[PDB]
Amino acid sequence: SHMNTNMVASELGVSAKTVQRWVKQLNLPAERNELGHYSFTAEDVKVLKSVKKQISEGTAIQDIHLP
């Protein structure tokens, strides 16, 4: 009912491994879909877009602010 890692990566314009790096580094919650794969919601996409935006602006991973 939601979006897997490939879908998220597609909407962000990054690779799937990049999404996985951020999710784990930033201790972000991730569910599992009907196949047991990682799954994300629209909220997650927005949060990960904020991560990408902040890194792009020069913010270090540890200085990132998340809701």
# chains A, B, ... in the order shown; residues from 1 in each chain; ligands from 1
>>> residues_around(residues="residue 3 (chain A)", least_positions_apart="5", cutoff="7 Å", atoms="only C-alpha atoms", output="MDAnalysis selection string")
chainID A and resid 8 39:41
>>> closest_atom_pairs(of="region 8-51 of chain A", to="region 60-67 of chain A", cutoff="10 Å", atoms="only C-alpha atoms", output="CSV")
residue,atom,partner,partner_atom,distance
A:22,CA,A:61,CA,8.7
A:25,CA,A:61,CA,8.4
A:26,CA,A:61,CA,8.1
A:28,CA,A:66,CA,9.7
A:47,CA,A:66,CA,7.0
A:48,CA,A:66,CA,9.2
A:50,CA,A:66,CA,7.8
A:51,CA,A:64,CA,7.0
>>> write_last_selection(atoms="N, CA, C and O atoms", output="PDB file, in the first residue's frame")
ATOM      1  N   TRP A  22      20.910   6.869   4.339  1.00  0.00           N
ATOM      2  CA  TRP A  22      20.283   7.916   5.143  1.00  0.00           C
ATOM      3  C   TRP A  22      19.332   7.355   6.197  1.00  0.00           C
ATOM      4  O   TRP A  22      19.349   7.790   7.349  1.00  0.00           O
ATOM      5  N   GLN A  25      21.601   5.756   8.948  1.00  0.00           N
ATOM      6  CA  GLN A  25      22.405   6.788   9.605  1.00  0.00           C
ATOM      7  C   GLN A  25      21.576   7.693  10.510  1.00  0.00           C
ATOM      8  O   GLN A  25      22.004   8.048  11.611  1.00  0.00           O
ATOM      9  N   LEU A  26      20.398   8.078  10.031  1.00  0.00           N
ATOM     10  CA  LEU A  26      19.550   9.030  10.740  1.00  0.00           C
ATOM     11  C   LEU A  26      18.512   8.346  11.627  1.00  0.00           C
ATOM     12  O   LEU A  26      17.628   9.005  12.178  1.00  0.00           O
ATOM     13  N   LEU A  28      15.939   6.527  10.966  1.00  0.00           N
ATOM     14  CA  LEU A  28      14.576   6.778  10.518  1.00  0.00           C
ATOM     15  C   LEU A  28      13.768   5.486  10.477  1.00  0.00           C
ATOM     16  O   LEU A  28      14.279   4.446  10.065  1.00  0.00           O
ATOM     17  N   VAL A  47      10.336  13.697   4.236  1.00  0.00           N
ATOM     18  CA  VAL A  47      11.457  13.758   5.169  1.00  0.00           C
ATOM     19  C   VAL A  47      12.783  13.519   4.450  1.00  0.00           C
ATOM     20  O   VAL A  47      13.753  14.248   4.658  1.00  0.00           O
ATOM     21  N   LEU A  48      12.817  12.513   3.584  1.00  0.00           N
ATOM     22  CA  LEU A  48      14.039  12.198   2.850  1.00  0.00           C
ATOM     23  C   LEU A  48      14.383  13.269   1.814  1.00  0.00           C
ATOM     24  O   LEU A  48      15.551  13.455   1.477  1.00  0.00           O
ATOM     25  N   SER A  50      13.862  16.405   2.472  1.00  0.00           N
ATOM     26  CA  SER A  50      14.450  17.421   3.336  1.00  0.00           C
ATOM     27  C   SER A  50      15.911  17.091   3.622  1.00  0.00           C
ATOM     28  O   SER A  50      16.762  17.978   3.636  1.00  0.00           O
ATOM     29  N   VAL A  51      16.199  15.813   3.849  1.00  0.00           N
ATOM     30  CA  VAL A  51      17.579  15.379   4.035  1.00  0.00           C
ATOM     31  C   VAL A  51      18.419  15.744   2.811  1.00  0.00           C
ATOM     32  O   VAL A  51      19.478  16.356   2.939  1.00  0.00           O
TER      33      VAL A  51
END
>>> atom_distance(atom1="CA of residue 21 (chain A)", atom2="CA of residue 1 (chain A)")
23.2 Å
>>> select_by_dssp(residues="chain A", states="strand (DSSP E)", output="PDB file with N, CA, C and O atoms, in the first residue's frame")
ATOM      1  N   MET A   3       5.368   2.709  -0.664  1.00  0.00           N
ATOM      2  CA  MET A   3       6.454   2.808  -1.638  1.00  0.00           C
ATOM      3  C   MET A   3       7.730   2.121  -1.152  1.00  0.00           C
ATOM      4  O   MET A   3       8.173   2.355  -0.026  1.00  0.00           O
ATOM      5  N   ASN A   4       8.331   1.283  -1.995  1.00  0.00           N
ATOM      6  CA  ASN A   4       9.581   0.624  -1.609  1.00  0.00           C
ATOM      7  C   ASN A   4      10.805   1.497  -1.892  1.00  0.00           C
ATOM      8  O   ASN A   4      10.668   2.632  -2.351  1.00  0.00           O
ATOM      9  N   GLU A  31       9.035   0.604   7.561  1.00  0.00           N
ATOM     10  CA  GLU A  31       8.163  -0.553   7.711  1.00  0.00           C
ATOM     11  C   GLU A  31       8.494  -1.612   6.671  1.00  0.00           C
ATOM     12  O   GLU A  31       9.453  -1.471   5.915  1.00  0.00           O
ATOM     13  N   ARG A  32       7.702  -2.678   6.642  1.00  0.00           N
ATOM     14  CA  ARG A  32       7.877  -3.724   5.643  1.00  0.00           C
ATOM     15  C   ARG A  32       6.585  -3.911   4.860  1.00  0.00           C
ATOM     16  O   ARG A  32       5.493  -3.850   5.429  1.00  0.00           O
ATOM     17  N   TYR A  38      11.587  -3.265   2.561  1.00  0.00           N
ATOM     18  CA  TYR A  38      11.411  -1.954   3.177  1.00  0.00           C
ATOM     19  C   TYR A  38      10.315  -1.148   2.479  1.00  0.00           C
ATOM     20  O   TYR A  38      10.187  -1.184   1.254  1.00  0.00           O
ATOM     21  N   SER A  39       9.517  -0.438   3.272  1.00  0.00           N
ATOM     22  CA  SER A  39       8.390   0.327   2.749  1.00  0.00           C
ATOM     23  C   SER A  39       8.289   1.695   3.422  1.00  0.00           C
ATOM     24  O   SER A  39       8.536   1.831   4.623  1.00  0.00           O
ATOM     25  N   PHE A  40       7.919   2.703   2.638  1.00  0.00           N
ATOM     26  CA  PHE A  40       7.877   4.079   3.118  1.00  0.00           C
ATOM     27  C   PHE A  40       6.571   4.755   2.710  1.00  0.00           C
ATOM     28  O   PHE A  40       5.937   4.359   1.730  1.00  0.00           O
TER      29      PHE A  40
END
>>> closest_residue(among="A:59, A:34, A:24, A:49", to="residue 2 (chain A)", atoms="only C-alpha atoms")
A:34
>>> select_by_dssp(residues="chain A", states="helix (DSSP H, G or I)", output="PyMOL selection string")
chain A and resi 5-12+16-25+42-56+61-63
